[PDB]
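You are given C-alpha cells for the same protein chain in two forms, set apart as structure 1 and structure 2.
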Structure 1
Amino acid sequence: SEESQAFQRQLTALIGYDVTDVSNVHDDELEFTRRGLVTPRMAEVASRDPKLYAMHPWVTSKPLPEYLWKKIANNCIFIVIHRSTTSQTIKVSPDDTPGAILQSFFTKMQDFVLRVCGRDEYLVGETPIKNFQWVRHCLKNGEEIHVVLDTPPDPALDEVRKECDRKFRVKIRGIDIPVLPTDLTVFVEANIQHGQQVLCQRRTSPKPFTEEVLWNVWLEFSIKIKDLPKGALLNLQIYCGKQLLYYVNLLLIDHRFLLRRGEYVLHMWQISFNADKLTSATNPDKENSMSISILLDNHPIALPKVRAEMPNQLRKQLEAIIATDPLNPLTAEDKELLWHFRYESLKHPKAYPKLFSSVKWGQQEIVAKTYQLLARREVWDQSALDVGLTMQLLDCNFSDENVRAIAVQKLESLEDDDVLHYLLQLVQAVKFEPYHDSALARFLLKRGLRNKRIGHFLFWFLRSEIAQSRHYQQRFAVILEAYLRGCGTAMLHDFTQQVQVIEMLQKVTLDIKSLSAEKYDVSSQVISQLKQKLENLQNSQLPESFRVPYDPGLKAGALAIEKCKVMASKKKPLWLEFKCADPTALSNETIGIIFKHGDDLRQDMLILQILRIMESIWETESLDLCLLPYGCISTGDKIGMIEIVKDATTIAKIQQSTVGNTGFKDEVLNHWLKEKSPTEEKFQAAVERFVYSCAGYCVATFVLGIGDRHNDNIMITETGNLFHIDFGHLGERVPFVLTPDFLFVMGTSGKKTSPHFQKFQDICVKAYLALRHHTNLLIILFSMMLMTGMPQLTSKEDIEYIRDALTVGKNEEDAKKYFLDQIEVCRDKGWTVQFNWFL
C-alpha cells in the first residue's frame, strides 16, 4: 500500500537513513537481515504484557545499599500523594507492595495508579517500593516522594501496525581512483582474518601508484576452501608511502553459508586496532573513493553432534594462565596447553576467552572439535553470570557465531536495570559482529521491544551511529528499523516529536555558530540573532512538547526564549531552557539543555557510561562516591545535547571571580561554598559531599586515564557536588586534580593533615580497591570504549594504560600504598599543572 509507502517514509525520517536504498551494496545481506528480524520482533511484541509495557515501571532486584538504609531507621517511608489541591502523606513500609498502600490509602480515606509528579514514571507492578529506582533516587538525594493518583495509560495506544579441497585463491585485477595526488609506490595485501587474526597473508609486487594500477594476478593461499571458517573476512589493504592508505573487507562466507563468488569492485575506506577496520560495508562514496576489483571463483556446511589427568604442575601452569588479566597475551605454549587440556579448561568460566583464542580457526577439524566442546556446556550454562566475562566473548577477538552466542546466552538473564547499565557498550559491540543479523543484535531487539526505557535509549544509541558512521550506519539502520516497527505508535509519535525538535535546534546551533567563532565575546547581535531564530521556531514548527532524550521521564514544553542564550566559550553552544510540559510538576524550574557543535559527544557518552558502571560497582560494596553523570546524547557529527546541571559553576570561574584572572588562591573555593551556604548545617553537608565527590572523580578519572585536567573542565554545584565535564580529548603531569583549593576545603594545607583529608584518603583507597575487584570488567569496557569511539587506539600502549592504573598483579596492600602516593604527587605539584594549562 502507498499507506505502506508513506509509513516506510516516516521510518526513514526517524532513522536518518534509507534501508530500501541499495546504492552502497554488493550483495543482499541487509535485505536478508531486515526479513530475518521480522520474527524476533513479532515474537517479543506478542509476548509483552500490554499494561506493564505501557507503564514501564523502573525496578531493580539489587538490595538497598547500607548508605541508603541510614535514611530509614524506622522502617517507614513517607509518600506524598496528590490529587489536585489535595496532598496527604501516607506513611509506608519498604516492603509494602504498591497496590498495597493505595489500599492503605483509598480505605485509609479503585481504578487508579501512583505516578511520580511531573514525570512519565509509574510506581506499579508487584514490587517493594524500596525496589523502585525513583524511590532510591529520592532517598539518596534526601528528596521527598511526591506521587499523583491517576488513570493508567491506555495500552491501546501502543498498538503495533500490522506487518572442496582446493587451495583458496583470489585474483587482484587492479585498483582505481579518480585522482590521488611527492609521488610514491603501492602494493596490495590480501589477508584471511578471523577474530582479528591473520590465518593467511599474500601480497602483490610493488607497483607504480598511478590513478590506475593493474596486476591481473592470482594470489594463492595455503589454506583450503573447505577449511575457511564461517565469518572469515577477506581483508584487502593498499600500502603506500614511497605503509597503509586504504582498506576494505569482504565476508568470504555469506549469511546463507555460501562461499562468495564472482566479480567484485569494492570502494575502500581511506585511513586518516579499532572497530571501523572490521566492517563489511564498502565506502558509499563511489565517485571520489579508491576501489579495488577482484575475481573469486571456487559449499558451506554443517553442524550436528576426556578421561585422564592433568599432572599436578601442568595444572598449576594452567591456573596461572587463567588468572592473568584479559590483556595478558598467550604464548604458543599457553595455547597448546589450554587446547590439549580442553576439557579441564571447560570447567573454568574465566578460561573461556583464553581457550577460544587458543583454537586454530583456520583448521576445519579443530573448529569441529570446538563445537563438540561447546556441546557439553553444562558448567558454563550453570555459572553465575559474569558481565565482564560475557563482554570479552563479544569483543573483536571472537568471530565465531557459536562462541559469541553463549555470551549472548548469558546476557539473557540480566534484569532490565542491568541491561540499561551496559546498553551503550552492548550496542557498540554490534560493530564486532561479522554479520548484520546476529544473536547480539536480536538480543538488543528483544530487550528494546520488551521495555520502553531500554527501547528509547536503544533508539538514540543507534541513531547516534547511523548519523555519523559511514562504516556501520547501514547495519545499525536495519536494526533500528526493526525496532521502530514494533515499539508502538505511541513511541513512534514521541520519537517523531523529539526528532523534529532536535533537528531544528541543530540547524539553529550551526547557523549561530557561523555568526560566531570570531574570537569570544558573544555579541548581542549574535544573542539577538539567537532569540530571533528561536522566536520563529517557537511557532507552528516546534511541537508543543517533547521528551528530553537523555531523560525520557521528563517532558519539555515551550522554550523560555528570554532565558536562552549563547555561551561565551571557544565553541558557541546554545544554552536553552524549556518549561516542563507537566502541570503536576513539583516546581516551576525549567529544563536546561545545552546544544553544542565542535566536540565528539560519542566519547563523552562512553565515559559517562563507564562512570555509571563504576557507581554500581561501588554500590555492591556499600560506597557512594557521589559521582554526577549528567545526561549527554550525540545526535550527529561533532554535535549533540548535554544536560544543564542546576546551581553549579566551573572551578575556573570561581577562581576568576575573586583573582580577576590567573593566579590561584587556595581559599576561593571554601569561600564560595560558605557564601552559597546559608544554614551552617548545609555546608557542613556540602563540604562532606565535596570530600566524597572529589574522591570519586579522582579515582574514576585516574583509572580511565583522564585525570590530568583543566579547572574550566570540572565543576561544582552550590551543594558541594564536584564533577568533571567535557571529556574532549584540550586536557609535567598529574594523576588527577586535587589542587590546593580542594585541599583548603578539606581543611588541611601546605602538605599537612585533617580529619577530612584522612576521610578523603580513606574513601579513595576503599573506592580504588573496590574497582580492582572488577579489574576484568573495567579492562574490557576500557578497550571497547577505545576501539569504538576514541579513534586514537594503539592496540597496545593505549589499552594497556588501564592495566597499570588498576595496578594489575600486585596485592591489596601495595595497591592502597600506590594510590596514596598518587595523592601525594598532586600535593607536590600544587598549582603547577593547573597554571601550565596556557602557553
Structure 2
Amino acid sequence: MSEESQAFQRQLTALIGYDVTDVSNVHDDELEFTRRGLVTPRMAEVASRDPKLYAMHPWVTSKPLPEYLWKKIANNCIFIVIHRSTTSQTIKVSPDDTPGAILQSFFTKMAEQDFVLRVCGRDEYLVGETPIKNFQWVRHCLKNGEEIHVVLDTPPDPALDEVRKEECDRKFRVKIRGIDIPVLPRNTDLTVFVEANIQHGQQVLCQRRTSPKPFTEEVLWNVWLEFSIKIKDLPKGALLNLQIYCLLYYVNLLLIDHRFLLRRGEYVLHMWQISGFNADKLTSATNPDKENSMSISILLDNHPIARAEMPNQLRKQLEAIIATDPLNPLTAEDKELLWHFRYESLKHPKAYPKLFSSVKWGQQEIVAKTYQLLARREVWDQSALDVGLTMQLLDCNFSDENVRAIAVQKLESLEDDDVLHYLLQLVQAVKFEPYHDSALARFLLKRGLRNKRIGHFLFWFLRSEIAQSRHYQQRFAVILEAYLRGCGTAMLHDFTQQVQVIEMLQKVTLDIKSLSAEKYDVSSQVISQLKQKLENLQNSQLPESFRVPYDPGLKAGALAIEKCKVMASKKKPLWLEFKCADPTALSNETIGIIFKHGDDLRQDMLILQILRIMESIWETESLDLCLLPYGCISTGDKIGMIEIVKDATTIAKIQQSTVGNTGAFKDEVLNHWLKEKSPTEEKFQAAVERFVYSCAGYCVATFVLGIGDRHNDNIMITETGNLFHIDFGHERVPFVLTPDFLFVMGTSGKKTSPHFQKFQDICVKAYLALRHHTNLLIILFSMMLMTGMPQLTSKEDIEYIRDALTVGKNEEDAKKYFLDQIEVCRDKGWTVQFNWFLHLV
C-alpha cells in the first residue's frame, strides 16, 4: 500500500469525521468485512455510470406537469432566455421540446454543437433526452412566476471525476460472569440483576434473568442462563439483548454473525446508559468510552442453516385485518389467520407487513416455510410500487434479511427525483438493519454514486449522524467511506471545501459565543471581533468558494463581511452573507446562511423533509399549498446551516414593532404590513392569495405532525405573502390561526368571507388528499420518532398521527373534524399566544 494511499485514507477520515480503520471499539470483523463487501457494489456503479450525464447531473422527473402549473401555460409555449457574453435572444419553446431540439431552433435560427445549456449562476445543466417541462428547475421557475435564464457553455470535463484505483438440538444458553463499572455513586444504593433477551424484529423470543445482587462496582454471578429456544431455531439477525435493572444500561450482541456462524467465546461488552422504544436501543455497537462505562462479561460455548377455497366470512375477517392501519395491533387470533391463509394473504401486497409480523421467527420450520412462501413472489413483483408499504418492511419490526430485501427490491424502481424525497428516511432506516452490510445500505451507495445530487445529500445525511450518534457512527462511516471512494476527485474536492468552511465557522462561532454572556443583547464589541475574525479568514485559509450544503447547485464566494452579524437570541447564531462565485449569475443578491452551534438540527431536517414529502404528495393530487421548506442541514455535532429566506419577517416582530409592551396583540397589523411592502394593489392581492394558500398548508401539515401549537416567534412570513414555520427543535390549540391571519382573510369576529371560504376549502382538500396517503404518513411519522427523537413511548406518542389523520372514518366525519379544529383556534383567539412571556414569571 503506497504512502500516497495512506495519505488518502487520512483525507477521507477528515471528511467523514471518523476513522474507519480504528479497531479500538470492535469485538469482531463485521466492519472490515463490510468495507470489503462494499467494494464490489461501488466499482460496479462507477463502471456502469455515464460520464457525461454523471458530470452534469441533470435534475429530472417522469411525473406529469401538475394542473396548477399548466395554468401558467395556456399558449402551449415556454420562453427560455439564452445568454452568451453580451446580448441574449429569448427563444419561444414548446413544453415537449428537448434541450438539443431547442438548440436546433437556435443555431439554425441564427447561423459547433459541442456546447450545452446551463442555468445562470448555478452548477445546473439542462441536458439528456428529456422534455424541458420535465426539468425541475423549469418547474420551479414557472411555480415562482420567474423567467428561465440559461447560458450557452462548454460541458464539464468527465476527466475531473476520475476515481483513484482501489486495492444442534440443544437449548441455547449464555453465561453471565458479571458486571463492572468504575464509579456507581448516585443517591441510595439499590440492588441489581441482568436481563437477557433474545430478540428478532423487536420481538422477544425468550427472556431469562439473573438473581438480584448487591450493586457494587463489581458484581459476579458466574451463572448459566438457559433459554427455551434451541440453537438450531435461532433466526439470523437475532440479538442477544442484555439489560441492567435497578433500567440503567443495555448492550446487544448479534447471535449469528455476518458469516452465518453462531457466536462463540468470551465477550466483555461496554454498555450504553439510558437517559432519564427507539432505534439506539437496537444497536450492535458497544459504548466507545471504555473509561467511564458499565461493562458486562459473558461466555458463549454453544454453522447453522445447512387448493382449498376460503369461506366468505373468514375471508371477510381476513380482508378486514388487511385493511387496518400500520399501527393497529395484531391479535393472536389475527396472526393465526394470516399464517394459516398464507397463500391467500400473499395475493395482497398490503398484507405483507401484517403477514410477516405473523411469522414465528423462533421456529426454523416456519421460517423455512416463509422463505418458500417468498419463492413464488409474482404478485408482489408485479405490484405497483407503494413507498408506504415498502418502508413498513424496513422499520424495526422486520429483522429478516429476505423480508427486507424485497422491500429494497421495490425501491430499485424509484426515479432519482423520488429517491431525493425519501433519502433521509432511507438513511435513517439503516439503523433498523441488523447487519452493517445490507441490501438497503447498498442501494443507497448505488443511488448516490449514480447521481451527484443524491451523493451530495447522502454525504451530509451520513456525516450528520456520524458526528452526533455514537450508536451508529461506525456503520454510517463505513457506508460514507465506500461512497467517498467512488464519488470522484471533483466531489471530493468540493466536500473538502465545504468541510473546511464549516470547521472555520465553528471555530469562529465558538470564539464569538465566548466573547459574550448568556444573552443579552449584543454589544458592538462582540460584532466588531466577528467582522475582524471573518476578515482574517477571508484572507485566506478560507477557500475561494464552496457549494452551499443545502443547495449544492449554488456556489458561494467571498463573505460580505459588512453584512455579517450575530442574531439576538438565547443562543448566538451567526448571520452570514456571501457573494455568488458565479459571474453568470442573474443578480447581485448575496447568499444568506445562518450558522448555529448548540442545537441538534437533525429534528429540523427531518421535519423540513417531511414537509417536502407532503408537498410531493399534494402534487400527486394536483395541489399546491405553497409551503416554504427552507434549506437546513446538520453539518456536525450540535452545529449546522439554515437558509436565510430573503425578504421575510417574524410574525411576532411585526407585532412588536407596533408598541408590543408585554405583548399586546392587534388584529389589523398583518394586513397593514403586507399592503406597505406591496408596490401595487396587484402585488398586494397576490400576497393575500399566497397567504391563504400558505396558511392552509402549514395548518394542515402542522396538525398532522402534532407540532401545531406554536409561539408567534416561531412563524414567519415573506413580503410576498408566503407564510411559513421555523425552529422545529423540540389550555391547548391544534395549530396557529390567529385573528390577524383571519383579518387578512377579510374576516373578523367569527364571520365568513370569500377568501376565508376559499381557505376552508383548500384546507379540507389538503387534509383529505393526505388521508389518501395515510399509511405512508403513519410509517414516516413513526420512523421519525424512533430515529430522530429521545425515548418515545412506542405506542402512545406514535398514536397521535392515527387520531390526527382520523383513521377509520369516512370523508364526511373527517372534514367535520378539521372544520371544528379550525373553530377551536377561533374560539381561543389570542389566548395561547397571549399566555407566553408570563410562564417565565
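Between two forms, the rigid core is defined as the largest C-alpha subset superposing within 1.5 Å. Start at 1 and count along the sequence of structure 1; that gives the residue numbers used here.
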| property | result |
| --- | --- |
| Which of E319, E544, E412, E518 is displaced between the two structures by 2 angstroms or more at its C-alpha, rigid core aligned | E518 |
| Between the two structures, how far the Cα of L259 shifts once the core is aligned, in Å | 0.3 |
| Cα shift between the two structures at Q792, which is computed once both forms share a superposed rigid core (Å) | 4.3 |
| Shift in Å of the C-alpha at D637 between the two structures after core superposition | 2.6 |
